[PDB]
Structures are given as C-alpha cells and as structure tokens.
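Shown next: coords.txt, given as compact mmCIF, C-alpha atoms.
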# COMPACT_ATOMS: atom_id res chain seq x y z
CA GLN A 1 147.27 50.70 118.46
CA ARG A 2 144.93 53.73 118.66
CA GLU A 3 141.98 51.41 119.36
CA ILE A 4 143.96 49.45 121.99
CA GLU A 5 144.93 52.70 123.78
CA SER A 6 141.33 54.00 123.57
CA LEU A 7 139.85 50.75 124.94
CA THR A 8 142.36 50.57 127.83
CA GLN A 9 141.64 54.24 128.71
CA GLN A 10 137.85 53.63 128.64
CA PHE A 11 138.28 50.44 130.71
CA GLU A 12 140.41 52.27 133.34
CA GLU A 13 137.92 55.17 133.57
CA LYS A 14 134.97 52.74 133.84
CA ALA A 15 136.84 50.72 136.51
CA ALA A 16 137.54 53.91 138.52
CA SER A 17 133.85 54.91 138.32
CA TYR A 18 132.86 51.35 139.34
CA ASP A 19 135.29 51.45 142.32
CA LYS A 20 133.76 54.77 143.47
CA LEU A 21 130.21 53.38 143.17
CA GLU A 22 131.23 50.20 145.06
CA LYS A 23 132.43 52.19 148.11
CA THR A 24 129.20 54.23 148.35
CA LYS A 25 127.11 51.04 147.83
CA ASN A 26 128.93 49.40 150.77
CA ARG A 27 128.28 52.35 153.12
CA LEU A 28 124.61 52.57 152.02
CA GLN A 29 124.14 48.89 153.00
CA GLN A 30 125.67 49.54 156.46
CA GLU A 31 123.42 52.60 156.99
CA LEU A 32 120.34 50.59 155.88
CA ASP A 33 121.14 47.71 158.28
CA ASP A 34 121.71 50.13 161.21
CA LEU A 35 118.46 52.01 160.43
CA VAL A 36 116.59 48.66 160.41
CA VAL A 37 118.09 47.94 163.87
CA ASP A 38 116.91 51.41 165.03
CA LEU A 39 113.40 50.84 163.57
CA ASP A 40 113.14 47.44 165.35
CA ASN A 41 114.11 49.24 168.60
CA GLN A 42 111.37 51.87 168.04
CA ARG A 43 108.83 49.06 167.47
CA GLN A 44 110.01 47.46 170.75
CA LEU A 45 109.65 50.81 172.59
CA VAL A 46 106.11 51.38 171.22
CA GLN B 1 143.39 41.48 117.12
CA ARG B 2 143.51 39.16 120.17
CA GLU B 3 144.19 42.16 122.44
CA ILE B 4 141.39 44.20 120.80
CA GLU B 5 138.90 41.33 121.33
CA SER B 6 140.10 40.83 124.94
CA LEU B 7 139.80 44.56 125.77
CA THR B 8 136.30 44.82 124.22
CA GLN B 9 135.18 41.70 126.17
CA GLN B 10 136.58 43.11 129.45
CA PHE B 11 134.95 46.50 128.73
CA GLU B 12 131.55 44.86 128.04
CA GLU B 13 131.77 42.72 131.21
CA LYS B 14 132.81 45.76 133.30
CA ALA B 15 129.95 47.81 131.78
CA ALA B 16 127.44 45.04 132.60
CA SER B 17 128.73 44.89 136.21
CA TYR B 18 128.51 48.71 136.41
CA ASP B 19 124.92 48.63 135.09
CA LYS B 20 123.98 46.03 137.74
CA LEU B 21 125.61 48.10 140.52
CA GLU B 22 123.69 51.19 139.32
CA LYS B 23 120.38 49.28 139.76
CA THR B 24 121.24 48.20 143.34
CA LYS B 25 122.40 51.77 144.16
CA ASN B 26 119.00 53.11 142.99
CA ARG B 27 117.03 50.60 145.12
CA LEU B 28 119.23 51.28 148.19
CA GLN B 29 118.38 55.01 147.94
CA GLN B 30 114.62 54.23 147.75
CA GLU B 31 114.83 51.89 150.78
CA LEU B 32 116.80 54.50 152.77
CA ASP B 33 114.24 57.24 152.00
CA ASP B 34 111.28 54.98 152.90
CA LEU B 35 112.96 53.89 156.17
CA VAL B 36 113.53 57.57 157.07
CA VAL B 37 109.79 58.19 156.43
CA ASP B 38 108.96 55.22 158.72
CA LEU B 39 111.36 56.45 161.44
CA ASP B 40 109.85 59.97 161.37
CA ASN B 41 106.43 58.59 162.42
CA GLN B 42 107.89 56.52 165.29
CA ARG B 43 109.47 59.52 167.08
CA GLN B 44 106.08 61.32 166.99
CA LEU B 45 104.29 58.19 168.29
CA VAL B 46 106.77 57.74 171.18
CA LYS C 1 127.73 74.52 153.98
CA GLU C 2 126.59 72.99 150.66
CA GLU C 3 126.84 69.90 148.40
CA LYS C 4 127.89 69.31 144.77
CA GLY C 5 127.65 65.99 142.87
CA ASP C 6 129.52 63.36 144.92
CA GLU C 7 131.08 66.00 147.23
CA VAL C 8 130.35 68.31 150.19
CA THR C 9 131.81 71.72 151.15
CA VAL C 10 132.49 71.93 154.91
CA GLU C 11 134.02 74.26 157.53
CA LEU C 12 136.12 72.88 160.42
CA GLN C 13 134.62 74.08 163.72
CA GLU C 14 138.01 74.55 165.47
CA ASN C 15 139.30 77.29 163.10
CA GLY C 16 136.64 78.07 160.44
CA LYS C 17 138.80 76.61 157.64
CA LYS C 18 136.90 75.73 154.43
CA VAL C 19 137.49 72.39 152.63
CA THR C 20 135.73 69.98 150.21
CA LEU C 21 135.32 66.23 150.97
CA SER C 22 133.68 63.26 149.24
CA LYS C 23 130.21 62.27 150.49
CA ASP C 24 131.89 58.95 151.42
CA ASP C 25 134.62 60.59 153.58
CA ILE C 26 132.57 62.37 156.28
CA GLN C 27 130.70 60.62 159.14
CA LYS C 28 127.56 61.45 161.17
CA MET C 29 128.04 63.19 164.56
CA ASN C 30 127.50 61.57 167.97
CA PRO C 31 124.54 63.44 169.63
CA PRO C 32 125.12 65.09 173.06
CA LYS C 33 123.13 62.40 174.94
CA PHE C 34 125.42 59.64 173.59
CA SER C 35 128.64 61.46 174.64
CA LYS C 36 130.84 59.02 176.64
CA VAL C 37 128.01 56.39 176.40
CA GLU C 38 128.78 52.88 177.73
CA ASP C 39 128.13 49.85 175.47
CA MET C 40 128.87 50.38 171.74
CA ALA C 41 125.77 48.24 171.00
CA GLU C 42 123.58 51.11 172.32
CA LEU C 43 124.70 53.74 169.75
CA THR C 44 122.05 55.53 167.64
CA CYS C 45 124.35 55.22 164.58
CA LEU C 46 127.58 53.20 164.17
CA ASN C 47 130.39 55.63 163.33
CA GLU C 48 134.15 55.00 163.73
CA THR D 1 136.14 26.14 176.30
CA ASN D 2 134.01 29.31 176.13
CA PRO D 3 136.34 32.36 175.77
CA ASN D 4 135.73 35.91 177.06
CA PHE D 5 137.75 38.57 175.21
CA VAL D 6 139.14 41.73 176.84
CA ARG D 7 140.92 43.81 174.19
CA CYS D 8 143.57 46.37 175.18
CA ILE D 9 144.64 49.42 173.15
CA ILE D 10 148.01 51.22 172.87
CA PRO D 11 147.67 55.03 173.35
CA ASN D 12 151.26 55.84 172.22
CA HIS D 13 154.69 54.27 171.71
CA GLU D 14 156.52 56.74 174.01
CA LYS D 15 155.11 54.93 177.09
CA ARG D 16 153.41 58.18 178.20
CA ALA D 17 150.26 58.73 180.34
CA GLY D 18 147.43 60.94 179.02
CA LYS D 19 148.83 61.31 175.48
CA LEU D 20 146.88 59.50 172.74
CA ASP D 21 147.68 58.97 169.04
CA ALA D 22 144.32 58.86 167.23
CA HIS D 23 145.73 56.90 164.26
CA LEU D 24 147.15 54.13 166.50
CA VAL D 25 143.87 53.52 168.37
CA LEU D 26 141.89 53.88 165.10
CA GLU D 27 143.88 51.24 163.21
CA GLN D 28 144.04 48.87 166.23
CA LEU D 29 140.24 49.12 166.64
CA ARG D 30 139.80 48.53 162.88
CA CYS D 31 141.99 45.39 162.64
CA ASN D 32 140.29 44.04 165.80
CA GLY D 33 137.07 44.16 163.71
CA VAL D 34 134.96 45.66 166.52
CA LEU D 35 132.93 47.94 164.19
CA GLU D 36 131.84 44.82 162.25
CA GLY D 37 131.35 42.63 165.35
CA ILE D 38 129.07 45.10 167.17
CA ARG D 39 126.93 45.40 164.01
CA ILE D 40 126.18 41.65 163.87
CA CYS D 41 125.67 41.64 167.68
CA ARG D 42 122.84 44.21 167.41
CA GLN D 43 121.53 42.94 164.05
CA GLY D 44 121.35 39.25 165.03
CA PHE D 45 120.15 37.39 168.16
CA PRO D 46 122.87 36.87 170.87
CA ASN D 47 120.71 35.08 173.51
CA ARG D 48 119.52 31.52 172.81
CA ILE D 49 117.75 28.84 174.88
CA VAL D 50 116.15 25.39 174.30
CA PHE D 51 112.32 25.45 174.30
CA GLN D 52 111.90 23.09 177.29
CA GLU D 53 114.35 25.23 179.30
CA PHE D 54 112.56 28.46 178.24
CA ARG D 55 109.21 27.03 179.39
CA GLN D 56 110.53 25.52 182.68
CA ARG D 57 112.32 28.82 183.53
CA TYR D 58 109.43 31.24 182.81
CA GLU D 59 106.13 29.22 182.84
CA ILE D 60 104.95 31.20 185.90
CA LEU D 61 104.27 34.14 183.52
CA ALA D 62 101.72 32.12 181.46
CA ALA D 63 100.70 29.19 183.73
CA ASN D 64 96.97 29.90 183.16
CA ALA D 65 97.39 29.98 179.34
CA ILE D 66 99.80 27.02 178.92
CA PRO D 67 97.94 23.65 178.85
CA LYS D 68 98.77 20.89 181.37
CA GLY D 69 98.64 18.08 178.76
CA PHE D 70 101.79 16.82 177.02
CA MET D 71 102.86 18.41 173.71
CA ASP D 72 105.69 20.16 171.80
CA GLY D 73 106.97 22.77 174.27
CA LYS D 74 107.45 25.29 171.44
CA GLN D 75 103.63 25.72 171.35
CA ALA D 76 103.68 26.65 175.06
CA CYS D 77 106.61 29.00 174.36
CA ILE D 78 104.64 30.66 171.50
CA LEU D 79 101.64 31.10 173.85
CA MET D 80 103.89 32.71 176.51
CA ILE D 81 105.66 34.96 173.97
CA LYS D 82 102.18 36.03 172.73
CA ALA D 83 101.02 36.69 176.33
CA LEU D 84 104.12 38.91 176.75
CA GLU D 85 103.16 40.50 173.37
CA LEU D 86 106.77 40.52 172.10
CA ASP D 87 107.57 42.10 168.69
CA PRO D 88 108.39 39.24 166.23
CA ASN D 89 111.66 41.00 165.24
CA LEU D 90 113.04 40.49 168.80
CA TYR D 91 113.17 36.66 168.56
CA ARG D 92 113.32 33.65 166.19
CA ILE D 93 111.88 30.16 166.85
CA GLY D 94 113.97 27.18 165.70
CA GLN D 95 113.26 23.44 166.08
CA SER D 96 115.31 23.19 169.31
CA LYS D 97 116.74 26.64 170.15
Rewritten as structure tokens:
Amino acid sequence: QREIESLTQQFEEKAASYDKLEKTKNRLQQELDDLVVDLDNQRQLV
Amino acid sequence: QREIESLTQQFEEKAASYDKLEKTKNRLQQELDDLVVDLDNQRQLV
Amino acid sequence: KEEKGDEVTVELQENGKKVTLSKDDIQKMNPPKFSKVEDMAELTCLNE
Amino acid sequence: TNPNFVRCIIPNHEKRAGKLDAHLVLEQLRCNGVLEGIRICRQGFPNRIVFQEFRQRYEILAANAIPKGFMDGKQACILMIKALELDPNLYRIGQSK
C-alpha cells in the first residue's frame, strides 16, 4: 500500500510538471512562428 | 501486484514523455535566441 | 521588476501594487505605433 | 458559394452604450478562433492564381524576358518572379496554382 501511494504521488507530481512544461512549449511554438513571420517581412522590406 | 505494475508502467511512460518534451523545450529556446540574433541585424540594415 | 525560476515579479502601473505571476501568464505590450492599428494581420506580435 | 464573414461582439448584457465587459469580448473572440485564424493567414499564403492566368495578367512586366515559343507557363512565371526579384518566402509554386 505504501508503494502504491508513493507511485501515485510521484505520477501526479510528474503529470503536473509535464502539464506546466506543455503550456510553455505551446506558447514558445506560437512565438517562434510569429517571429518567423516577422523575419520574412524584414527580408521583404530589405 | 497488478496495480503496482500498472503504476510503474504509467510512471515510466510519463517520464519518457517528459524527457522528450524537455528535449523539444531546449531546442525551442535555441531557435528563439538565434531568431532574435537574426532580427537584431535586420533592424540595423533597414 | 525581477524574475525567479518560472515566475516574474511585477508592479501594476495604475496603482503601484506588487504581485508575482507565472512567465506563462503575462503578455507582451502593444507598442505606441500599433495603438488602434487596423488589420490584426499587421501586428508586430500576436497578443490577446 | 463563397462566404464572407462579419463577426459581431456583445459589449454587455445590460443593453448599454459605451460600457464594455472585457471578459465577455475576450471569451467571444477566443471561441470565434480569431487569434488562431489570423496566425495561419499571415503564416500561410492567402492569394492563389493559375500559372496561365498569372502570366496573361502580368506578362507586360517581363515581356522582353519571357520567350514567345510555346512551353509550360510556370517557366515564364518563374522568369517574371525572378525579374521582380521576389523573396522565395513570399510565394510557393505548385503544378497548377
């Protein structure tokens, strides 16, 4: 029972950390795409 | 024992997914930094 | 003001009140030139 | 048919002029998916034209460069696009469009 409780706790903590990472990853992708659009526009201007 | 095995499997799979996400996060940061360096030159050129 | 791990310490400009947010919560400001700008497609950075 | 959307936003539920609930307009804008739509609009390529139409509409700009003899019009389009010196990120050449 101790091992079950420990494993579920570790799984929940890992899942929470994963969820946090996933959100930041998603925003980083959006920022990257928008910066690529900006860079293409600078190339066009030049 | 079934529940122990299930929890360890889920934990290992979650940890593998987390490890993969960590790699992509690291690359995204590098790409962002390099794109900022690119952008910095373009403003000066314009 | 400053940053710490996954978080940022900030002061609201309307009243000077201090508060801490996640680096995922806050969004980048619209520059003065883009104030009331027409087509959303023209924005320097897409922020809700 | 080809639709043209014109989206309208509720400022408040008290039917009042001037007053605006930020959370109402925020969530309406979000569920309308405009923040995602505008991203693909700028990221992709919204204009598109068939190569023969592109040549017949703009050939005047490269009439000295484009050969008179019969061939795949996309070659003539490439020559014209090169004469205009367009950045290759601003367009994409398909088999027809």
Applying 9 Å and only C-alpha atoms, which residues near segment 10-14 of chain A remain after dropping the ones on its own chain fewer than 2 positions away? List them as a VMD selection string. (chain A and resid 5 to 8 16 to 19) or (chain B and resid 7 to 8 10 to 11 14 to 15 18)
Selection file, C-alpha atoms, as a PDB file, in the coordinates of the input:
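Listed below is the output, again11.pdb:
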ATOM      1  CA  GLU A   5     144.930  52.700 123.780  1.00  0.00           C
ATOM      2  CA  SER A   6     141.330  54.000 123.570  1.00  0.00           C
ATOM      3  CA  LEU A   7     139.850  50.750 124.940  1.00  0.00           C
ATOM      4  CA  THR A   8     142.360  50.570 127.830  1.00  0.00           C
ATOM      5  CA  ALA A  16     137.540  53.910 138.520  1.00  0.00           C
ATOM      6  CA  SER A  17     133.850  54.910 138.320  1.00  0.00           C
ATOM      7  CA  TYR A  18     132.860  51.350 139.340  1.00  0.00           C
ATOM      8  CA  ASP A  19     135.290  51.450 142.320  1.00  0.00           C
TER       9      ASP A  19
ATOM     10  CA  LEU B   7     139.800  44.560 125.770  1.00  0.00           C
ATOM     11  CA  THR B   8     136.300  44.820 124.220  1.00  0.00           C
ATOM     12  CA  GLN B  10     136.580  43.110 129.450  1.00  0.00           C
ATOM     13  CA  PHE B  11     134.950  46.500 128.730  1.00  0.00           C
ATOM     14  CA  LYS B  14     132.810  45.760 133.300  1.00  0.00           C
ATOM     15  CA  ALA B  15     129.950  47.810 131.780  1.00  0.00           C
ATOM     16  CA  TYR B  18     128.510  48.710 136.410  1.00  0.00           C
TER      17      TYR B  18
END
Point (146.8, 53.2, 168.6), cut-off 9 Å, counting all atoms listed in the file, residues as an MDAnalysis selection string: chainID D and resid 9:13 20:29
Near residue 31 of chain C, within 10 Å and counting all atoms listed in the file, which residues show up once chain neighbours fewer than 3 positions away are dropped, as an NGL selection string? :C and (28 or 34-35 or 43-45)
Could you give me, as number ranges by chain, the residues within 12 Å of segment 11-15 of chain C, counting only C-alpha atoms and dropping anything in the same chain fewer than 5 positions from it? C: 1-2, 20-21, 26
Emit the selected residues as a compact mmCIF listing (two decimals), in the frame of the given file, including C-alpha atoms.
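Now in again29.txt:
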# COMPACT_ATOMS: atom_id res chain seq x y z
CA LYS C 1 127.73 74.52 153.98
CA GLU C 2 126.59 72.99 150.66
CA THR C 20 135.73 69.98 150.21
CA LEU C 21 135.32 66.23 150.97
CA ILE C 26 132.57 62.37 156.28
Selected residue, from C:16, C:27, C:46, C:9, that lies nearest to chain A when counting all atoms listed in the file: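 Smallest separation from chain A among the options: C:46.
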